[PDB]
Amino acid sequence: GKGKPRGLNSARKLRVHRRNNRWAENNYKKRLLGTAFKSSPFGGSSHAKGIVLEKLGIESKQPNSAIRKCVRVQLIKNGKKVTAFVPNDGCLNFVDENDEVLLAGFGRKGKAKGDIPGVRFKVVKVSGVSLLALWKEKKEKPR
Amino acid sequence: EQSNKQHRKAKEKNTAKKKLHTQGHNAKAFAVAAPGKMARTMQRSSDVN
RNA sequence: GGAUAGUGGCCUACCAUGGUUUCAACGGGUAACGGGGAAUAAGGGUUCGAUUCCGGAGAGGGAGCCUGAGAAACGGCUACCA
RNA sequence: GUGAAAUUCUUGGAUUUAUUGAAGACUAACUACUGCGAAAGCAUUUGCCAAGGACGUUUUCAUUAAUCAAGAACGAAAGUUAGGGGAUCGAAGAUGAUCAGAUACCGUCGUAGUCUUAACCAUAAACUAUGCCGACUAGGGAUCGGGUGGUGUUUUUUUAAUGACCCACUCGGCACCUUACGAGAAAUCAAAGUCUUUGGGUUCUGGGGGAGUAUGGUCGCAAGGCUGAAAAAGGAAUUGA
C-alpha cells in the first residue's frame, strides 16, 4: 500500500513525516539556515567593491586581447585579490590605479575565440562613475 | 578464467539527517521563521554594506 | 481575610499534594506585532502581509506616581542607569 | 615423509602381525534438489520429561486480530573469566631442508584452542544478495505428513495389532518443470504481476567510481637539549703496443 499510511485519522503522521523529510531536502535546509549566499559568487551582494592593484597585459602586443582587457583588483570586504574583465582597452585606460572599482558578475552566455576562462568579474563603475558613461563621453572621471 | 563478481558491504556516512546532527547544536532547531524575508533583507543589507 | 471598579492565588494566613505531558508538556530559535488582504499555481499548496482599515503594544532603558470619568500618560511628574 | 630430501625413531626389535585394555572425541556408507526447527542449527540405541506443525472433528469461546518504537529471549565459529577433562587435529612458537622448478613451497614437535560446566561477548556471503498481513490472477506432474474412497497382490487365521504397494480425491509442506494476453533497461520475476497517471491495512528508510584541492570540522601521535672526514694512461692486456 505504497509505504505511507492512508487512514482518515493519520494526518498527524503524514504531517510530521513530511516535516522531517522536508528537512532532509537540500535547497530547503540552506534556505532556512541562511547559507545560499555563502555559496553565492561573492557573498550576499550583487556588486562588490574593489581596488585596482595592477593592469595585466599592459605589455601585450595585439590590442584588445583578453589579457589586455584583464586587470587585478582586491575585494575590500575580504582583502582578497581577484582578476576581472574590462571591455575596450580604452576603458583599460580609464581605469588606472587605486581607483575603487565596482565589480559585477560576468554571466557570459557563450565562449569567444580566445576568452580567458576563470575570470568571472567585470568592472562597472570606476571611482564612482560608469565605465560606459566615461567611454561614451557623457561624464568625466572625478579624482 | 573466472569472473568472481564483487559485492558492496554497507554505507559509512551519506545521510542529510546525521549530517545535520553532526555538529553539537541542532542546526535544524536554530533556524528562522520567515526564510524569504531573510533572503531579501540579507540581499539588501549586503549591498548597503 | 486583605486588596480591587469588581471576579480570581491577585495577595496574605492555615490547610491538603496537586497541575501539564509521546494527542509532544517544559526548554531553545524566530531577519514573530496578529488579522483584513498581496503574489501565483489547473487543482492541491506555497511564499509574502513594517506599510492607507481593525486590534495590540511603545515613546532612549528599568521602575514609580499625581490629577481626572477615563493615564501607570511620556509635546505630565519623580528619582535610577545611558 | 615430499616434487626432491632432511631432522626424527629404530637390537633395550621400531614400521608390521595376533590378542586384548584404557582414554577422549566422533556418529561413515544408508544421505535424496527428502525431514524438523523462530533462526543459528539438528543423523548410533533404548528410556524419561515436556513441547510443536499439519491433518481429522455436526467439540468449544465469539473479535480476542494485523502492523508496530522501548525492551526482552535465543543467537554458527572464533574469543574472554573460573573449574574439569586433554585421544585427535592445531593460530603462536620451536625446529629440519633451503635442492634449479615452485610446473610438484612442505616435514617433526607443539602452548592456546578444539571437548565440558557456570557466566560474558552478540557478530558472519547469519543469502532466497529483495519489510510484514490479506486477496485475486497460468498449465503440469513428482515428492513428504494427514484423511477419505476403490481394487488386488503382500499380509493373517479367538489374539493382541490391523502395516507395505497400486489408483482417484484431498488439505498442508520442501522444492521442481513449462510458460507468462502481465511486469522490466535487460538478466529475469507466480512475485519484482494486479488492464494508459497511481487509494486493501501498516512500520522503517532515500533526496556511482576513481582522482585533484581546502581543513578552525575534529581527534590522536613525535623528537633532541655537548656531537664532526678529505687529481690521476702515475691505465687495460692469455684479446696489447
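So which residues in region B:37-49 are exposed (fewer than 12 other Cβ atoms within 10 Å of the Cβ) and either facing chain A (nearest Cβ under 8 Å) or within 16 Å of RNA strand D (Cβ to nearest atom) (or both)?
If the condition is that a residue be exposed (fewer than 12 other Cβ atoms within 10 Å of the Cβ) and either facing chain A (nearest Cβ under 8 Å) or within 16 Å of RNA strand D (Cβ to nearest atom) (or both), then B:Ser45, B:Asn49 are the ones that fit.
Can we say A:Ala36 is small (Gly, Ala, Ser) and more than 16 Å from RNA strand C (Cβ to nearest atom)?
So A:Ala36 does not fit the description; no.
Could you list, in sequence order, the residues of region A:82-108 that are out of contact with any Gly (no Cβ under 9 Å at 6 or more places or on another chain), part of a strand (DSSP E or B) and not hydrophobic (A, V, I, L, M, F, W, C)?
Answer for region A:82-108, where residues must be out of contact with any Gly (no Cβ under 9 Å at 6 or more places or on another chain), part of a strand (DSSP E or B) and not hydrophobic (A, V, I, L, M, F, W, C): just A:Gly105.
A:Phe42 passes all but one of (1) within 14 Å of chain B (Cβ to nearest Cβ); (2) touching a strand residue (DSSP E or B) at 6+ places or on another chain (Cβ under 9 Å); (3) surrounded by fewer than 17 Cβ atoms within 10 Å (Cβ to Cβ); which number fails?
So the condition that A:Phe42 fails would be (3).
Residue by residue through region B:4-47, note down the ones that are more than 8 Å from RNA strand C (Cβ to nearest atom) and hydroxyl-bearing (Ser, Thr, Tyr).
Residues satisfying the conditions are B:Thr15, B:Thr22, B:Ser46.
List every residue pair whose Cβ atoms sit under 7 Å apart, with the two residues 6 or more apart in sequence or on different chains, where the first one lies in region A:23-41 and is under 30 Å from A:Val119 (Cα atoms) and the second, anywhere, is part of a helix (DSSP H, G or I) and not aliphatic (A, V, I, L, M).
From residues that are under 30 Å from A:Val119 (Cα atoms), the pairs are A:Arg31/B:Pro35; A:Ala36/A:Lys30.
B:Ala27 - would you say it is within 19 Å of the chain's Cα centre (by Cα), assigned to a loop (DSSP other than H, G, I, E, B) and more than 12 Å from RNA strand D (Cβ to nearest atom)?
yes
Counting just the residues of region A:109-143 that are in contact with a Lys or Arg (Cβ under 9 Å, 6 or more places away or on another chain) and part of a helix (DSSP H, G or I), which one comes out nearest to A:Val86 (Cα to Cα)?
Ranking the qualifying residues of region A:109-143, first place goes to A:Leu131.
Could you list, in sequence order, all residues of region A:57-81 that are among the hydrophobic types (A, V, I, L, M, F, W, C) and over 20 Å from the mean Cα position of the chain (by Cα)? If you could, list the steps in order and put the result at the bottom.
Initial filter on region A:57-81 (among the hydrophobic types (A, V, I, L, M, F, W, C)): A:58, A:66-67, A:70-71, A:73, A:75-76.
Of everything in region A:57-81, just one residue is among the hydrophobic types (A, V, I, L, M, F, W, C) and over 20 Å from the mean Cα position of the chain (by Cα), namely A:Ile58.
List the number of the failed condition for B:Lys18; all other conditions in (1) part of a loop (DSSP other than H, G, I, E, B); (2) near RNA strand D (Cβ under 9 Å from one of its atoms) hold.
Here B:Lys18 meets the rest and fails (1).
No lab work stands behind these numbers, since they all come straight from the coordinates. Cβ atoms come from the backbone with ideal geometry, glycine included; neighbour counts cover every protein chain shown.
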